[PDB]
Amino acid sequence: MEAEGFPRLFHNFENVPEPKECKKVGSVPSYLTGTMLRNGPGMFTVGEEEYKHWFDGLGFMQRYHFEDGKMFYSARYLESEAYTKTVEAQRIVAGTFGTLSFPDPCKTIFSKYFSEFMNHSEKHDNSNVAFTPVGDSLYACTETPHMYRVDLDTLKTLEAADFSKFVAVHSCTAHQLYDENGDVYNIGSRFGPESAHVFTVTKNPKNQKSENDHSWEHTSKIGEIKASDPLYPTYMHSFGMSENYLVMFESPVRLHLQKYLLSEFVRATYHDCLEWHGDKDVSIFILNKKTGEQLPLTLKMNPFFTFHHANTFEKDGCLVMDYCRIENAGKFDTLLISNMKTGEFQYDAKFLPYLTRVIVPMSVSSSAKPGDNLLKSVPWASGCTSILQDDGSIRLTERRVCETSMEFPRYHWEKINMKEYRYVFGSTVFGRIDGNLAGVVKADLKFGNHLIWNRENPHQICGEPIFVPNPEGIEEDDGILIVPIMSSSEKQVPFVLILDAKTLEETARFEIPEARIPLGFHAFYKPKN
């Protein structure tokens, strides 16, 4: 394992099976009682073989448990089929986002399988992206229907769950959204000659007669919207939800569907099948949550990609969408492990994300004429324009909310999910081209008074910040942020940073009693009460 640099983060992690108390410096509030589960990649080499993409590493989950003003750390691999098969074969066996599976001599274009492959859907279950709450439990997810319930206290892998038993989808996001009733929404792709994006809701099994309090059984299709090009449907990482609407971008990142359906024979990864179609406008697709009907407006924007939406809400007949905008994501080669090991991913200017707002008029007034900015009468919409076109469509321009590049956006879900709001917290892990020292950004959506927490040295890397509210608080930022601080150097111990969300001033940190924590993805904080 290398002493310093990003290669250090790509050596295999080992289980930390027993929770270890972490060295605390500072103080935490009385309401910091709960458990944060973090998902991400942890196994990058198997024997002499190496995974290719950041998204590929086998899921290695961590538990950050807060109790009596202390923090306890543990970590374990997810016991997926992908993991078990690879550990038992000491070879890369299961396909992942960007690494080939072992070639099967019985699956060639000259074998009988070539006559059966359309009947088959190969299970991809490296659920290393995030955790999704369903009733009383958390499920580890990736961008497939194949999930695992995970024990909050022990990180034990419990039973598998197959989303596609309830709705016919081939892929789906690992970023399901949920509301105050605990109902869980997703969008998935059903591939075919008329590929469609399928919008789903899963009712909270606790609020209804169910087989158990963590069941997915109450899952149904809300509606669906066809891909513009059925053979090149958009890739999708996340989507947005307001009180009444679900919204997605038809991005320039497209899946080459015929190549993916044949990928076993042409020996292509899912990653190989992504293409950047810069010659096409982005479209906004909006579905009514109650009727399942698509909003009848054509909504076009200049090309861009977003991994993550922030919050989404309705105001004055408009749909407000915040998201982290990337000018040209390509096909995500920037996040190949070879390009991250050098650190050069951080300086790919066209790939860096910036928090961005777009404002969609949900109706066009009868007095409006082509060329009119339909937002001109919306005072709070300054910096966005949504211009009526000659053909009745609308062209939307965005406002960059913050000049500091940021991603992994989070907000005060308990108070203002699906409502007008002021703050987005994010991380600068993707990089920066202006030399800024920022690690965590608190972006101000109303007055532009942004706050930052700076990385203390070049070996610190900020993870996704999680907002935990003060139960006795009233303002949107009355709470703390939990921020995992990863380390790319043996000179820097990893730690969990606790910030006052109002000021981004540190109140405590907890040093991890291990040399490394993963260059990970998303985390979920479950309060004890």
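A residue's number is simply how far along the shown sequence it sits, counting from 1.
Averaged over their C-alpha atoms, the temperature factors of 338 to 346 and 109 to 117 are higher for 109 to 117. The mean C-alpha temperature factor is higher for 65 to 73 when 494 to 502 and 65 to 73 are set side by side. Which of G431, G240, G95, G426 has the largest Cα B-factor in the deposited entry comes down to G95.
In this entry, the residue among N454, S405, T356, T385 with the greatest C-alpha B factor is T385. In this PDB entry, the Cα temperature factor of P205 sits in the middle third of its chain's modelled residues. Ranked against the other modelled residues of its chain, the C-alpha B-factor of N39 as given in the entry falls in the lowest third. Per-chain ranking of the deposited C-alpha B factor places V150 in the lowest third. In the deposited entry, the Cα temperature factor of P518 sits in the bottom third of values across the chain's modelled residues.
Ranked against the other modelled residues of its chain, the C-alpha B-factor of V169 as given in the entry falls in the highest third.
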